[PDB]
């Protein structure tokens, strides 16, 4: 009905339909702590909602009342719930509600309730027909929206909408390879569909990554990700790699590369290898070029590493 931000919009306490209802004020107490000086509009819409909630009036004037009390604070759960209760009891059209949530989320895609509401409706209407695309709409306004990627994961898992995701993560990655969200969504698809055990794909991701890792040698994303997969099995299972990296020392260097090398010498020592003193020498070396000059911000970390290898 009356949009809460319309020039015409009028306080409830001045509305007819809301003449039989007595709005109930907030009960902060004799001595109020952290009391908020609510504006008139806000304090109106809620003291009234209090009443409706109070007499669990499953009315329609109320269902409307929640659209407002929600716009005044879309992070108020107690209210999102009563709304859910009204959508059901009032037998309301969930597609209409889809449109509502869609919009209101565009207004605040960094809110927990707006998104939880979306999920529910999709669980009620058992239909994700419009998920992976409205979510891309949001991720188009902010590629790193934590909630957007969370909703997207769910949507994909529940209804098994895999497939075209890599064709999505591949898009955005080219869109900005520094995005860590897409790199996560990447490990998500694969690991959950084709997995990584499959030598081919891995062998494949490995390359692809490396290119980035050698296309933007200072992107800690492609770096954390490359170690992301080879890491489980042992960074020391893959001989080649090392040199294949050492083969960048001059070419493409960064604390990431050197740190990778230190990471490898750490496995190349766990599975009792040969040249301890050369690893447990060239490895302690690095923690130093890192902890002393290259990556000094985490000086106490690096110094710790080289201090660990010593004992064990």
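Residue numbers count along the first chain shown, from 1.
Comparing the deposited coordinates for 57 to 65 and 261 to 269, the stretch with the larger average C-alpha B-factor is 261 to 269. Across the two stretches, 41 to 49 and 246 to 254, the PDB entry reports the greater mean Cα temperature factor for 246 to 254. Per the deposited coordinates, the residue with the largest Cα temperature factor out of 142, 198, 93, 133 is 198. Looking at 146, 238, 77, 112, the one whose CA carries the top B-factor in the deposited record is 238. Sorting the modelled residues of the chain by their CA temperature factor places residue 214 in the highest third. Remark: residue 97 belongs to the lowest third of its chain, ranked by C-alpha B-factor as recorded. For residue 108, the recorded CA B-factor ranks within the lowest third of the chain. Only modelled residues enter the ranking. For residue 36, the recorded CA B-factor ranks within the lowest third of the chain. Only modelled residues enter the ranking.
In the PDB entry, residue 152 places in the lowest third of its chain by CA B-factor.
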